[PDB]
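Visitor: The structure under discussion is supplied below as structure tokens; questions concerning it will follow.
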Amino acid sequence: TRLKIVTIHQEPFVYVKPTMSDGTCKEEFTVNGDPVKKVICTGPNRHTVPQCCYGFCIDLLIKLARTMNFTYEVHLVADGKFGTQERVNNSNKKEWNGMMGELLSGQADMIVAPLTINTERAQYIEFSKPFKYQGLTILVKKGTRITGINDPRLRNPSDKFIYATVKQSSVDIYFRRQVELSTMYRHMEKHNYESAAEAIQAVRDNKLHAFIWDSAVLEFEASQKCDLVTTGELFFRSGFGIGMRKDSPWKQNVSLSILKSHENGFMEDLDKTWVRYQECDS
């Protein structure tokens with residue numbers, strides 16, 4: 001009877017850590033001194049095992065479950081991707097990968113993660129109203145001089161300045177579905193990473209010069225690591241929403257909960273707990 005919730009590792013929305021030797025999760029406290037709420041999330045470490053999950057989206061999940069009175073089980077997307085539609089098995093048959101695919105196949109009943117709301121996905125699933133308003137920006141090593149998405153080193157691609165995004169993500173599609181961005185798309189196609197964490201590390205290690213990704217994630221990362229910065233103003237706006245199959249019995253109630261959370265300070269408090277609370281030190 002409990003909902004199968006699928007999520008993905010993506011700080012500060014979802015942290016994923018090993019359980020202690022006894023199988024439980026380490027007792028930690030937020031910046032406010034409150035216990036950090038932790039849930040067991042099974043997924044690849046390959047090898048699939050129980051792990052500890054917490055963060056902005058986990059607090060949101062707990063709030064939704066309480067408000068809507070439902071039980072759940074959380075697992076991390078098996079292929080580690082957000083989701084794009086592609087031909088499979090060397091055929092012309094198209095299927096969605098990532099969390100999108102799991103939701104459509106029934107492996108998941110609800111996607112609770114920093115999932116971007118876009119038109120392509122909305123053609124196959126239903127989204128709640130946005131639980132977070134953000135956009136796209138660019139992450140670079142402090143010192144790198146880039147104006148933004150219109151910088152010549154991005155518009156006139158060269159092996160001297162490498163940039164990329166994450167494979168099978170909404171950002172990949174944003175560029176793929178725009179002829180005006182064909183040159184850029186062709187460049188990133190040869191450099192895209194499997195996960196945001198790896199791309200961010202690459203920028204830090206000087207192996208990737210620019211990482212194009214969600215501003216909610218990049219601004220947090222850049223604000224916690226003083227060697228990393230973002231290019232400032234977002235070049236596109238998008239929201240994160242809860243994902244459900246079309247004609248789901250949870251759609252209306254999920255959006256009602258999100259509305260209330262935007263109205264009473266709950267969402268704002270999540271930002272003060274998980275996003276803006278301290279200076280760089282990582």
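Simple scheme: letters A, B, ... for chains in structure tokens order, numbers from 1 for residues in each chain, numbers from 1 for ligands in the order shown.
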Could you pull the residues within 7 Å of segment 246-252 of chain A, counting only C-alpha atoms, minus those fewer than 2 positions along the same chain, as a PDB file with N, CA, C and O atoms, in the first residue's frame?

Guide:
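Below is the file that was written, around-v9.pdb:
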```pdb
ATOM      1  N   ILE A 125       4.198  12.499 -18.315  1.00  0.00           N
ATOM      2  CA  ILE A 125       3.850  12.414 -16.903  1.00  0.00           C
ATOM      3  C   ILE A 125       3.211  13.717 -16.458  1.00  0.00           C
ATOM      4  O   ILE A 125       3.108  14.665 -17.242  1.00  0.00           O
ATOM      5  N   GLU A 126       2.782  13.756 -15.202  1.00  0.00           N
ATOM      6  CA  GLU A 126       2.171  14.948 -14.639  1.00  0.00           C
ATOM      7  C   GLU A 126       3.077  15.510 -13.550  1.00  0.00           C
ATOM      8  O   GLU A 126       3.707  14.763 -12.795  1.00  0.00           O
ATOM      9  N   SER A 128       3.567  18.455 -10.307  1.00  0.00           N
ATOM     10  CA  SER A 128       2.870  19.273  -9.334  1.00  0.00           C
ATOM     11  C   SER A 128       3.291  20.684  -9.731  1.00  0.00           C
ATOM     12  O   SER A 128       4.106  20.860 -10.639  1.00  0.00           O
ATOM     13  N   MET A 244       4.511  12.468 -11.187  1.00  0.00           N
ATOM     14  CA  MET A 244       3.565  11.368 -10.999  1.00  0.00           C
ATOM     15  C   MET A 244       3.059  10.931 -12.371  1.00  0.00           C
ATOM     16  O   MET A 244       3.175  11.671 -13.342  1.00  0.00           O
ATOM     17  N   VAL A 254      -0.952  16.831  -3.850  1.00  0.00           N
ATOM     18  CA  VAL A 254       0.462  17.186  -3.800  1.00  0.00           C
ATOM     19  C   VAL A 254       0.599  18.687  -4.047  1.00  0.00           C
ATOM     20  O   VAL A 254       1.302  19.383  -3.315  1.00  0.00           O
ATOM     21  N   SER A 255      -0.081  19.192  -5.070  1.00  0.00           N
ATOM     22  CA  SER A 255      -0.005  20.618  -5.360  1.00  0.00           C
ATOM     23  C   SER A 255      -0.605  21.453  -4.233  1.00  0.00           C
ATOM     24  O   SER A 255      -0.117  22.547  -3.958  1.00  0.00           O
ATOM     25  N   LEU A 256      -1.645  20.950  -3.571  1.00  0.00           N
ATOM     26  CA  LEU A 256      -2.246  21.681  -2.456  1.00  0.00           C
ATOM     27  C   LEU A 256      -1.231  21.814  -1.325  1.00  0.00           C
ATOM     28  O   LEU A 256      -1.129  22.863  -0.689  1.00  0.00           O
TER      29      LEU A 256
END
```

Visitor: Write out as a PyMOL selection string which residues come within 10 Å of residue 216 of chain A when counting only C-alpha atoms, dropping same-chain ones fewer than 4 positions away.

Guide: chain A and resi 11-13+114+132-137+220-221+239-240+275

Visitor: Mind checking DSSP for segment 71-148 of chain A and telling me the helix (DSSP H, G or I) residues as a count of residues only?

Guide: 12

Visitor: Using only C-alpha atoms, which of the listed residues (A:45, A:34, A:117, A:3) sits closest to residue 17 of chain A?

Guide: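 Closest candidate: A:45.
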
Visitor: Between A:214, A:194, A:219, A:86, which has the minimum distance to residue 237 of chain A (counting only C-alpha atoms)?

Guide: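 Comparing A:214, A:194, A:219, A:86 against residue 237 of chain A, the winner is A:214.
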
Visitor: Fewer than 2 positions away in the same chain doesn't count, so skip those; otherwise give me all residues within 12 Å of residue 113 of chain A, counting only C-alpha atoms, as a ChimeraX atom specification.

Guide: /A:5-15,53-61,74-77,81-82,99-100,110-111,115-117,127,130-132,217,239-244

Visitor: When you count only C-alpha atoms, which of these residues is closest to residue 140 of chain A: A:155, A:262, A:160, A:207?

Guide: A:207

Visitor: Considering only C-alpha atoms, state which residue in the set A:2, A:129, A:204, A:87 is at the smallest distance from residue 142 of chain A.

Guide: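 Closest to residue 142 of chain A of all the choices is A:204.
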
Visitor: Just the strand (DSSP E or B) stuff from segment 153-265 of chain A, please, per backbone DSSP, written as a tab-separated table (two decimals) with C-alpha atoms, in the first residue's frame.

Guide:
```
chain	number	residue	atom	x	y	z
A	158	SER	CA	37.31	24.57	-29.18
A	161	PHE	CA	37.98	25.28	-23.48
A	163	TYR	CA	32.33	22.55	-21.30
A	164	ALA	CA	29.56	20.05	-20.66
A	166	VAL	CA	25.07	15.77	-17.34
A	193	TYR	CA	29.30	13.47	-17.44
A	210	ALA	CA	32.63	24.96	-17.53
A	211	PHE	CA	29.66	22.95	-16.25
A	212	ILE	CA	26.17	24.00	-17.40
A	213	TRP	CA	23.53	22.95	-14.86
A	214	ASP	CA	20.66	23.84	-12.49
A	228	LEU	CA	34.13	27.62	-7.56
A	229	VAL	CA	31.84	30.36	-8.85
A	230	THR	CA	28.86	30.74	-11.17
A	236	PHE	CA	16.81	30.34	-18.49
A	237	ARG	CA	14.16	29.83	-15.82
A	238	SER	CA	12.59	26.54	-14.79
A	239	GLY	CA	10.99	25.00	-11.74
A	240	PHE	CA	11.39	21.71	-9.92
A	243	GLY	CA	6.48	13.81	-10.75
A	244	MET	CA	3.56	11.37	-11.00
A	245	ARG	CA	1.97	9.27	-13.74
```

Visitor: May I ask which of the residues A:264, A:282, A:67, A:105 is the closest one to residue 222 of chain A, counting only C-alpha atoms?

Guide: A:282

Visitor: Write out as an mmCIF file with N, CA, C and O atoms, in the first residue's frame which residues come within 7 Å of residue 157 of chain A when counting only C-alpha atoms, dropping same-chain ones fewer than 2 positions away.

Guide:
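Generated file (out-v1.cif):
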```
data_model
loop_
_atom_site.group_PDB
_atom_site.id
_atom_site.type_symbol
_atom_site.label_atom_id
_atom_site.label_comp_id
_atom_site.auth_asym_id
_atom_site.auth_seq_id
_atom_site.Cartn_x
_atom_site.Cartn_y
_atom_site.Cartn_z
ATOM 1 N N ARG A 153 33.815 31.541 -26.154
ATOM 2 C CA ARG A 153 34.440 30.245 -25.917
ATOM 3 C C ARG A 153 33.416 29.121 -25.798
ATOM 4 O O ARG A 153 33.773 27.945 -25.744
ATOM 5 N N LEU A 154 32.140 29.491 -25.765
ATOM 6 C CA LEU A 154 31.065 28.509 -25.698
ATOM 7 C C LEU A 154 30.378 28.477 -27.064
ATOM 8 O O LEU A 154 30.018 27.414 -27.567
ATOM 9 N N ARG A 155 30.221 29.650 -27.669
ATOM 10 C CA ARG A 155 29.572 29.766 -28.972
ATOM 11 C C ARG A 155 30.481 29.360 -30.131
ATOM 12 O O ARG A 155 30.003 28.999 -31.207
ATOM 13 N N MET A 184 26.906 24.131 -29.895
ATOM 14 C CA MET A 184 27.193 23.879 -28.488
ATOM 15 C C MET A 184 26.855 22.438 -28.125
ATOM 16 O O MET A 184 27.638 21.751 -27.469
ATOM 17 N N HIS A 187 29.347 19.914 -29.134
ATOM 18 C CA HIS A 187 30.561 19.949 -28.323
ATOM 19 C C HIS A 187 30.395 19.202 -27.001
ATOM 20 O O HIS A 187 31.236 18.379 -26.634
#
```

Visitor: Compare A:109, A:172, A:73, A:263 by their minimum atom-to-atom distance to residue 192 of chain A, counting only C-alpha atoms, and give me the closest one.

Guide: A:172

Visitor: To one decimal in Å, tell me the separation between atom CA of residue 149 of chain A and atom CA of residue 176 of chain A.

Guide: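 These atoms are spaced 15.0 Å apart.
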